[PDB]
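Asks: I'm passing along work-v5.cif; it holds mmCIF, N, CA and C atoms.
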```cif
data_data
#
loop_
_atom_site.label_atom_id
_atom_site.label_comp_id
_atom_site.auth_asym_id
_atom_site.auth_seq_id
_atom_site.Cartn_x
_atom_site.Cartn_y
_atom_site.Cartn_z
N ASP J 306 0.83 -1.20 0.00
CA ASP J 306 0.00 0.00 0.00
C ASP J 306 0.87 1.26 0.00
N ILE J 307 0.22 2.41 -0.13
CA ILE J 307 0.92 3.69 -0.29
C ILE J 307 1.41 4.16 1.07
N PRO J 308 2.63 4.70 1.18
CA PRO J 308 3.12 5.16 2.48
C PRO J 308 2.22 6.24 3.07
N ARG J 309 2.18 6.28 4.40
CA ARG J 309 1.43 7.29 5.13
C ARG J 309 2.30 8.41 5.66
N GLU J 310 3.63 8.28 5.59
CA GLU J 310 4.52 9.38 5.91
C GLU J 310 4.58 10.36 4.74
N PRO J 311 4.98 11.60 4.99
CA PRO J 311 5.12 12.55 3.89
C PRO J 311 6.04 12.01 2.81
N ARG J 312 5.73 12.34 1.56
CA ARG J 312 6.47 11.86 0.41
C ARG J 312 6.84 13.04 -0.47
N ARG J 313 8.08 13.04 -0.96
CA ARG J 313 8.56 14.09 -1.85
C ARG J 313 8.34 13.65 -3.29
N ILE J 314 7.65 14.49 -4.06
CA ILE J 314 7.31 14.19 -5.44
C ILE J 314 7.65 15.40 -6.30
N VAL J 315 8.14 15.14 -7.51
CA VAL J 315 8.52 16.19 -8.45
C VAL J 315 7.65 16.06 -9.69
N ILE J 316 6.99 17.15 -10.06
CA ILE J 316 6.09 17.20 -11.21
C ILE J 316 6.63 18.23 -12.19
N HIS J 317 6.64 17.87 -13.47
CA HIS J 317 7.05 18.77 -14.53
C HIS J 317 5.80 19.31 -15.21
N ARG J 318 5.58 20.62 -15.09
CA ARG J 318 4.39 21.24 -15.65
C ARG J 318 4.34 20.99 -17.15
N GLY J 319 3.14 20.67 -17.65
CA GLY J 319 2.95 20.39 -19.05
C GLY J 319 1.74 21.10 -19.64
N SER J 320 1.23 20.59 -20.76
CA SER J 320 0.07 21.21 -21.39
C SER J 320 -1.11 21.28 -20.43
N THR J 321 -1.30 20.25 -19.62
CA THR J 321 -2.41 20.18 -18.67
C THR J 321 -2.04 20.72 -17.30
N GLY J 322 -1.09 21.66 -17.22
CA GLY J 322 -0.63 22.13 -15.93
C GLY J 322 0.08 21.03 -15.18
N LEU J 323 -0.19 20.93 -13.88
CA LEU J 323 0.38 19.86 -13.08
C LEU J 323 -0.42 18.57 -13.19
N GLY J 324 -1.57 18.58 -13.87
CA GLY J 324 -2.31 17.36 -14.13
C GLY J 324 -3.12 16.84 -12.98
N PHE J 325 -3.43 17.67 -11.98
CA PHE J 325 -4.31 17.26 -10.90
C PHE J 325 -5.14 18.45 -10.47
N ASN J 326 -6.29 18.16 -9.87
CA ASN J 326 -7.14 19.16 -9.25
C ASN J 326 -6.96 19.09 -7.74
N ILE J 327 -7.20 20.22 -7.08
CA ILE J 327 -7.15 20.28 -5.63
C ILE J 327 -8.52 20.67 -5.12
N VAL J 328 -8.82 20.25 -3.89
CA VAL J 328 -9.97 20.75 -3.16
C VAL J 328 -9.49 21.29 -1.82
N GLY J 329 -10.18 22.31 -1.34
CA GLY J 329 -9.88 22.88 -0.05
C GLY J 329 -11.00 23.80 0.37
N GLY J 330 -10.68 24.70 1.29
CA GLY J 330 -11.66 25.67 1.75
C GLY J 330 -11.02 26.90 2.34
N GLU J 331 -11.45 27.27 3.54
CA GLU J 331 -10.83 28.36 4.27
C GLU J 331 -9.51 27.90 4.87
N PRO J 332 -8.64 28.83 5.24
CA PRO J 332 -7.36 28.43 5.84
C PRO J 332 -7.56 27.52 7.04
N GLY J 333 -6.85 26.40 7.04
CA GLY J 333 -6.95 25.40 8.08
C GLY J 333 -7.65 24.13 7.66
N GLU J 334 -8.44 24.17 6.58
CA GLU J 334 -9.18 22.99 6.15
C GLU J 334 -8.31 21.99 5.39
N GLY J 335 -7.14 22.41 4.92
CA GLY J 335 -6.24 21.51 4.22
C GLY J 335 -6.45 21.54 2.71
N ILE J 336 -5.40 21.13 2.00
CA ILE J 336 -5.40 21.09 0.54
C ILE J 336 -5.22 19.64 0.13
N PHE J 337 -6.16 19.12 -0.65
CA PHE J 337 -6.17 17.71 -1.02
C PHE J 337 -6.31 17.57 -2.52
N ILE J 338 -5.70 16.51 -3.05
CA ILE J 338 -5.82 16.18 -4.46
C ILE J 338 -7.18 15.51 -4.66
N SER J 339 -8.00 16.09 -5.54
CA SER J 339 -9.34 15.60 -5.79
C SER J 339 -9.49 14.87 -7.12
N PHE J 340 -8.48 14.93 -7.99
CA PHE J 340 -8.54 14.30 -9.30
C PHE J 340 -7.15 14.34 -9.92
N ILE J 341 -6.76 13.24 -10.55
CA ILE J 341 -5.51 13.15 -11.30
C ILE J 341 -5.84 12.74 -12.73
N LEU J 342 -5.31 13.49 -13.69
CA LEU J 342 -5.60 13.25 -15.09
C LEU J 342 -4.77 12.08 -15.61
N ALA J 343 -5.43 11.14 -16.29
CA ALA J 343 -4.73 10.01 -16.88
C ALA J 343 -3.78 10.50 -17.97
N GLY J 344 -2.54 10.02 -17.92
CA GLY J 344 -1.53 10.42 -18.88
C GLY J 344 -0.93 11.79 -18.64
N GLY J 345 -1.37 12.51 -17.60
CA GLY J 345 -0.85 13.83 -17.30
C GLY J 345 0.42 13.76 -16.47
N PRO J 346 1.00 14.94 -16.21
CA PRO J 346 2.28 14.95 -15.47
C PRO J 346 2.22 14.28 -14.11
N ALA J 347 1.08 14.35 -13.41
CA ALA J 347 0.95 13.74 -12.10
C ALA J 347 0.67 12.25 -12.15
N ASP J 348 0.13 11.75 -13.27
CA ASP J 348 -0.04 10.31 -13.43
C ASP J 348 1.28 9.65 -13.81
N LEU J 349 1.96 10.21 -14.81
CA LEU J 349 3.28 9.78 -15.26
C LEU J 349 4.15 9.32 -14.10
N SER J 350 4.07 10.03 -12.97
CA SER J 350 4.93 9.72 -11.84
C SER J 350 4.53 8.42 -11.14
N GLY J 351 3.24 8.08 -11.17
CA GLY J 351 2.76 6.95 -10.41
C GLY J 351 2.81 7.13 -8.91
N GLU J 352 3.12 8.34 -8.44
CA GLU J 352 3.36 8.59 -7.02
C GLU J 352 2.24 9.33 -6.32
N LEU J 353 1.54 10.21 -7.01
CA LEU J 353 0.48 11.00 -6.39
C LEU J 353 -0.84 10.24 -6.42
N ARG J 354 -1.66 10.49 -5.40
CA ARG J 354 -2.93 9.80 -5.22
C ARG J 354 -4.03 10.80 -4.92
N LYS J 355 -5.22 10.53 -5.45
CA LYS J 355 -6.42 11.20 -4.95
C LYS J 355 -6.50 10.97 -3.45
N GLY J 356 -6.72 12.04 -2.69
CA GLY J 356 -6.73 11.95 -1.25
C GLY J 356 -5.44 12.37 -0.59
N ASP J 357 -4.38 12.57 -1.36
CA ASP J 357 -3.15 13.14 -0.83
C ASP J 357 -3.41 14.56 -0.36
N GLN J 358 -2.94 14.87 0.85
CA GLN J 358 -2.86 16.26 1.27
C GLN J 358 -1.54 16.84 0.77
N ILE J 359 -1.60 18.02 0.18
CA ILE J 359 -0.41 18.74 -0.26
C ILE J 359 0.07 19.58 0.91
N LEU J 360 1.22 19.21 1.48
CA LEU J 360 1.78 19.93 2.62
C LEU J 360 2.62 21.13 2.20
N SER J 361 3.24 21.09 1.03
CA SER J 361 4.02 22.23 0.56
C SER J 361 4.30 22.07 -0.93
N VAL J 362 4.67 23.19 -1.55
CA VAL J 362 5.05 23.22 -2.96
C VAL J 362 6.28 24.11 -3.08
N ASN J 363 7.39 23.55 -3.57
CA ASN J 363 8.65 24.28 -3.68
C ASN J 363 8.98 25.01 -2.38
N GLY J 364 8.80 24.32 -1.26
CA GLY J 364 9.10 24.89 0.04
C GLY J 364 8.04 25.81 0.61
N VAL J 365 6.99 26.12 -0.14
CA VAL J 365 5.91 26.97 0.36
C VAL J 365 4.94 26.11 1.15
N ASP J 366 4.79 26.41 2.44
CA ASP J 366 3.90 25.63 3.30
C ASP J 366 2.45 25.86 2.89
N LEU J 367 1.70 24.76 2.72
CA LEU J 367 0.30 24.82 2.33
C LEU J 367 -0.61 24.10 3.32
N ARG J 368 -0.13 23.86 4.54
CA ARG J 368 -0.94 23.13 5.52
C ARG J 368 -2.16 23.94 5.94
N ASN J 369 -1.99 25.25 6.14
CA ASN J 369 -3.09 26.12 6.52
C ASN J 369 -3.50 27.05 5.38
N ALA J 370 -3.21 26.66 4.14
CA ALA J 370 -3.59 27.47 3.00
C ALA J 370 -5.07 27.31 2.67
N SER J 371 -5.69 28.39 2.23
CA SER J 371 -7.02 28.30 1.64
C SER J 371 -6.92 27.69 0.25
N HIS J 372 -8.07 27.24 -0.26
CA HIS J 372 -8.09 26.71 -1.62
C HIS J 372 -7.51 27.72 -2.61
N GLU J 373 -7.90 28.99 -2.48
CA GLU J 373 -7.41 30.02 -3.39
C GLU J 373 -5.91 30.23 -3.24
N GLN J 374 -5.40 30.23 -2.01
CA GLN J 374 -3.97 30.41 -1.80
C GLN J 374 -3.18 29.27 -2.43
N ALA J 375 -3.65 28.04 -2.25
CA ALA J 375 -2.96 26.89 -2.83
C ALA J 375 -2.97 26.94 -4.35
N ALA J 376 -4.11 27.32 -4.94
CA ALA J 376 -4.20 27.39 -6.40
C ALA J 376 -3.18 28.38 -6.95
N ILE J 377 -3.08 29.56 -6.34
CA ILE J 377 -2.06 30.53 -6.74
C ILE J 377 -0.68 29.90 -6.64
N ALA J 378 -0.34 29.38 -5.46
CA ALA J 378 1.00 28.85 -5.23
C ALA J 378 1.35 27.77 -6.24
N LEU J 379 0.41 26.87 -6.52
CA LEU J 379 0.67 25.82 -7.51
C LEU J 379 0.92 26.42 -8.89
N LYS J 380 0.15 27.45 -9.26
CA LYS J 380 0.30 28.03 -10.58
C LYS J 380 1.58 28.84 -10.70
N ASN J 381 2.05 29.43 -9.60
CA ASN J 381 3.25 30.25 -9.60
C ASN J 381 4.50 29.47 -9.21
N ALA J 382 4.39 28.15 -9.07
CA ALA J 382 5.52 27.34 -8.63
C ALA J 382 6.56 27.13 -9.73
N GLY J 383 6.20 27.35 -10.99
CA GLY J 383 7.14 27.21 -12.08
C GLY J 383 6.91 25.95 -12.89
N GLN J 384 7.89 25.67 -13.76
CA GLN J 384 7.77 24.55 -14.69
C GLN J 384 8.05 23.21 -14.01
N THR J 385 8.85 23.20 -12.96
CA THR J 385 9.15 21.99 -12.21
C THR J 385 8.85 22.26 -10.75
N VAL J 386 8.16 21.32 -10.11
CA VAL J 386 7.50 21.55 -8.83
C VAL J 386 7.81 20.39 -7.90
N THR J 387 8.21 20.70 -6.67
CA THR J 387 8.36 19.71 -5.62
C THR J 387 7.15 19.78 -4.71
N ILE J 388 6.44 18.69 -4.64
CA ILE J 388 5.30 18.54 -3.79
C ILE J 388 5.63 17.60 -2.70
N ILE J 389 5.35 17.99 -1.49
CA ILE J 389 5.37 17.09 -0.40
C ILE J 389 3.96 16.70 -0.06
N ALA J 390 3.64 15.44 -0.24
CA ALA J 390 2.28 14.95 -0.10
C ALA J 390 2.21 13.92 1.02
N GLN J 391 1.04 13.86 1.66
CA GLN J 391 0.78 12.86 2.69
C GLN J 391 -0.62 12.30 2.47
N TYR J 392 -0.72 10.98 2.34
CA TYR J 392 -1.98 10.35 1.99
C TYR J 392 -2.93 10.39 3.18
N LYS J 393 -4.05 11.08 3.02
CA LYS J 393 -5.02 11.29 4.09
C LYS J 393 -6.43 11.12 3.54
N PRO J 394 -6.78 9.91 3.09
CA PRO J 394 -8.12 9.70 2.52
C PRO J 394 -9.25 9.98 3.49
N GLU J 395 -9.05 9.74 4.79
CA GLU J 395 -10.13 9.96 5.74
C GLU J 395 -10.47 11.45 5.85
N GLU J 396 -9.45 12.31 5.89
CA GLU J 396 -9.72 13.74 5.92
C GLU J 396 -10.23 14.22 4.57
N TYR J 397 -9.70 13.67 3.47
CA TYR J 397 -10.14 14.08 2.15
C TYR J 397 -11.60 13.72 1.92
N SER J 398 -12.05 12.59 2.47
CA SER J 398 -13.37 12.07 2.14
C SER J 398 -14.47 13.09 2.39
N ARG J 399 -14.32 13.93 3.42
CA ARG J 399 -15.39 14.87 3.76
C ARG J 399 -15.66 15.87 2.65
N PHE J 400 -14.70 16.08 1.75
CA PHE J 400 -14.90 16.99 0.63
C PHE J 400 -15.60 16.35 -0.55
N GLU J 401 -15.68 15.02 -0.59
CA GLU J 401 -16.16 14.29 -1.76
C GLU J 401 -17.61 13.89 -1.56
N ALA J 402 -18.49 14.39 -2.42
CA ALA J 402 -19.92 14.07 -2.35
C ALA J 402 -20.13 12.57 -2.40
#
```
As a first step, turn the structure in this file into C-alpha cells.
Replies:
Amino acid sequence: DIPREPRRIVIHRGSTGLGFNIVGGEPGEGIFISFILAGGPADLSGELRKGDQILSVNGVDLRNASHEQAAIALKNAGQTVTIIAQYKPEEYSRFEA
C-alpha cells in the first residue's frame, strides 16, 4: 500500500498544468488532491494519489492554505515543482460528495 509518511514528489508542468485538481476551503481545512488526469504529469509519476494532502510546494507551506492560496501557489511554482504529499483519505473524504 501507499506510504502514510510525507512523500517528496517532483512534477514537470505540461500542457495540462500539473495534471491534478485540488480541493480545499478556508485556511486550516487543508489542501487535497481531488482528481488526477490520466496520462498527465501527475499520473506519469505513479506517485500522487487522490486523497493526498499537499503539505508544501517548492518549500511553500500549504498546511493552513485556503483553496485560493494553494491554487495561486501551484500556478506560480514554475515549470518543475516539488510537492510534499501525505496520503489522508479519511480527511479528504469529507470533501467528496
Asks: Using only C-alpha atoms, which protein or nucleic acid residues come within 10 Å of residue 398 of chain J? Drop anything in the same chain fewer than 4 positions from it, and give the result as an mmCIF file with N, CA and C atoms, in the frame of the given file.
Replies:
```
data_model
loop_
_atom_site.group_PDB
_atom_site.id
_atom_site.type_symbol
_atom_site.label_atom_id
_atom_site.label_comp_id
_atom_site.auth_asym_id
_atom_site.auth_seq_id
_atom_site.Cartn_x
_atom_site.Cartn_y
_atom_site.Cartn_z
ATOM 1 N N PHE J 337 -6.160 19.120 -0.650
ATOM 2 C CA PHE J 337 -6.170 17.710 -1.020
ATOM 3 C C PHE J 337 -6.310 17.570 -2.520
ATOM 4 N N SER J 339 -8.000 16.090 -5.540
ATOM 5 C CA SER J 339 -9.340 15.600 -5.790
ATOM 6 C C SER J 339 -9.490 14.870 -7.120
ATOM 7 N N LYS J 355 -5.220 10.530 -5.450
ATOM 8 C CA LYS J 355 -6.420 11.200 -4.950
ATOM 9 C C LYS J 355 -6.500 10.970 -3.450
ATOM 10 N N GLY J 356 -6.720 12.040 -2.690
ATOM 11 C CA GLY J 356 -6.730 11.950 -1.250
ATOM 12 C C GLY J 356 -5.440 12.370 -0.590
ATOM 13 N N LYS J 393 -4.050 11.080 3.020
ATOM 14 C CA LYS J 393 -5.020 11.290 4.090
ATOM 15 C C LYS J 393 -6.430 11.120 3.540
ATOM 16 N N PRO J 394 -6.780 9.910 3.090
ATOM 17 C CA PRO J 394 -8.120 9.700 2.520
ATOM 18 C C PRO J 394 -9.250 9.980 3.490
ATOM 19 N N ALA J 402 -18.490 14.390 -2.420
ATOM 20 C CA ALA J 402 -19.920 14.070 -2.350
ATOM 21 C C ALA J 402 -20.130 12.570 -2.400
#
```
Asks: Run DSSP on the backbone and give me the residues of segment 326-359 of chain J it puts in alpha helix (DSSP H), as a PDB file with N, CA and C atoms, in the frame of the given file.
Replies:
```
ATOM      1  N   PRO J 346       1.000  14.940 -16.210  1.00  0.00           N
ATOM      2  CA  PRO J 346       2.280  14.950 -15.470  1.00  0.00           C
ATOM      3  C   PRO J 346       2.220  14.280 -14.110  1.00  0.00           C
ATOM      4  N   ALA J 347       1.080  14.350 -13.410  1.00  0.00           N
ATOM      5  CA  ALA J 347       0.950  13.740 -12.100  1.00  0.00           C
ATOM      6  C   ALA J 347       0.670  12.250 -12.150  1.00  0.00           C
ATOM      7  N   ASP J 348       0.130  11.750 -13.270  1.00  0.00           N
ATOM      8  CA  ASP J 348      -0.040  10.310 -13.430  1.00  0.00           C
ATOM      9  C   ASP J 348       1.280   9.650 -13.810  1.00  0.00           C
ATOM     10  N   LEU J 349       1.960  10.210 -14.810  1.00  0.00           N
ATOM     11  CA  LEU J 349       3.280   9.780 -15.260  1.00  0.00           C
ATOM     12  C   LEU J 349       4.150   9.320 -14.100  1.00  0.00           C
TER      13      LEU J 349
END
```
Asks: My list of candidates is J:336, J:390, J:327, J:316. Which is closest to residue 369 of chain J when distances are computed with only C-alpha atoms?
Replies: J:336
Asks: My list of candidates is J:383, J:389, J:334, J:395. Which is closest to residue 313 of chain J when distances are computed with all atoms listed in the file?
Replies: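 Of J:383, J:389, J:334, J:395, the one nearest residue 313 of chain J, counting all atoms listed in the file, is J:389.
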Asks: When you count only C-alpha atoms, which of these residues is closest to residue 361 of chain J: J:329, J:324, J:308, J:335?
Replies: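 Answer, going by the shortest atom-to-atom distance: J:335.
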Asks: Give me the result of the PyMOL selection byres ((chain J and resi 345-349) around 8) on this file, residue by residue, as a list in words.
Replies: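 So the PyMOL selection byres ((chain J and resi 345-349) around 8), applied here, picks out residues 315, 316, 317, 318, 319, 320, 321, 322, 323, 324, 325, 341, 342, 343, 344, 350, 351, 352, 353 and 354 of chain J.
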Asks: Between J:365, J:307, J:314, J:338, which is the closest to residue 377 of chain J once you count only C-alpha atoms?
Replies: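 With only C-alpha atoms as the atom set, the closest residue is J:365.
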Asks: Do you know which residues the PyMOL selection byres ((chain J and resi 330) around 5) returns on this file, as a PyMOL selection string?
Replies: chain J and resi 328-329+331-332+371-372
Asks: For atom CA of residue 326 of chain J and atom CA of residue 401 of chain J, quote the distance in Å rounded to one decimal.
Replies: 12.7 Å
Asks: Please, what distance in Å, to one decimal, runs between atom C of residue 380 of chain J and atom CA of residue 360 of chain J?
Replies: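 Between atom C of residue 380 of chain J and atom CA of residue 360 of chain J the gap works out to 16.0 Å.
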Asks: So how far away is atom C of residue 363 of chain J from atom C of residue 388 of chain J, in Å?
Replies: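 Those two atoms sit 8.1 Å apart.
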Asks: Extract the full set of strand (DSSP E or B) residues from chain J according to DSSP on the backbone, and format it as JSON, numbers by chain.
Replies: {"J": [312, 313, 314, 315, 316, 317, 319, 322, 325, 326, 327, 328, 337, 338, 339, 340, 341, 357, 358, 359, 360, 361, 362, 365, 366, 385, 386, 387, 388, 389, 390, 391, 392]}
Asks: Nearest to residue 391 of chain J: which of J:364, J:309, J:333, J:374 is it, counting all atoms listed in the file?
Replies: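 Counting all atoms listed in the file, the residue closest to residue 391 of chain J is J:309.
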Asks: Write only N, CA, C and O atoms for segment 333-349 of chain J from the block just shown, as a compact mmCIF listing (two decimals), in the first residue's frame.
Replies:
```txt
# COMPACT_ATOMS: atom_id res chain seq x y z
N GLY J 333 -6.85 26.40 7.04
CA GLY J 333 -6.95 25.40 8.08
C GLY J 333 -7.65 24.13 7.66
O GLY J 333 -7.48 23.09 8.32
N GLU J 334 -8.44 24.17 6.58
CA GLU J 334 -9.18 22.99 6.15
C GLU J 334 -8.31 21.99 5.39
O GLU J 334 -8.71 20.83 5.25
N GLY J 335 -7.14 22.41 4.92
CA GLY J 335 -6.24 21.51 4.22
C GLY J 335 -6.45 21.54 2.71
O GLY J 335 -7.50 21.92 2.20
N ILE J 336 -5.40 21.13 2.00
CA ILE J 336 -5.40 21.09 0.54
C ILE J 336 -5.22 19.64 0.13
O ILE J 336 -4.23 19.00 0.52
N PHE J 337 -6.16 19.12 -0.65
CA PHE J 337 -6.17 17.71 -1.02
C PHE J 337 -6.31 17.57 -2.52
O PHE J 337 -6.94 18.39 -3.19
N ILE J 338 -5.70 16.51 -3.05
CA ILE J 338 -5.82 16.18 -4.46
C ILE J 338 -7.18 15.51 -4.66
O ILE J 338 -7.49 14.50 -4.01
N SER J 339 -8.00 16.09 -5.54
CA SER J 339 -9.34 15.60 -5.79
C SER J 339 -9.49 14.87 -7.12
O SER J 339 -10.53 14.24 -7.35
N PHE J 340 -8.48 14.93 -7.99
CA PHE J 340 -8.54 14.30 -9.30
C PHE J 340 -7.15 14.34 -9.92
O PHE J 340 -6.46 15.35 -9.83
N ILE J 341 -6.76 13.24 -10.55
CA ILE J 341 -5.51 13.15 -11.30
C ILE J 341 -5.84 12.74 -12.73
O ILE J 341 -6.57 11.77 -12.95
N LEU J 342 -5.31 13.49 -13.69
CA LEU J 342 -5.60 13.25 -15.09
C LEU J 342 -4.77 12.08 -15.61
O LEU J 342 -3.55 12.03 -15.40
N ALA J 343 -5.43 11.14 -16.29
CA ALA J 343 -4.73 10.01 -16.88
C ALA J 343 -3.78 10.50 -17.97
O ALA J 343 -4.16 11.31 -18.82
N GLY J 344 -2.54 10.02 -17.92
CA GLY J 344 -1.53 10.42 -18.88
C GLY J 344 -0.93 11.79 -18.64
O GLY J 344 -0.05 12.20 -19.40
N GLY J 345 -1.37 12.51 -17.60
CA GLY J 345 -0.85 13.83 -17.30
C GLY J 345 0.42 13.76 -16.47
O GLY J 345 0.89 12.69 -16.07
N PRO J 346 1.00 14.94 -16.21
CA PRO J 346 2.28 14.95 -15.47
C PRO J 346 2.22 14.28 -14.11
O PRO J 346 3.22 13.69 -13.68
N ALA J 347 1.08 14.35 -13.41
CA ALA J 347 0.95 13.74 -12.10
C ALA J 347 0.67 12.25 -12.15
O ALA J 347 0.93 11.54 -11.17
N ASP J 348 0.13 11.75 -13.27
CA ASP J 348 -0.04 10.31 -13.43
C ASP J 348 1.28 9.65 -13.81
O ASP J 348 1.69 8.65 -13.21
N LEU J 349 1.96 10.21 -14.81
CA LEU J 349 3.28 9.78 -15.26
C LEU J 349 4.15 9.32 -14.10
O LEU J 349 4.89 8.34 -14.22
```
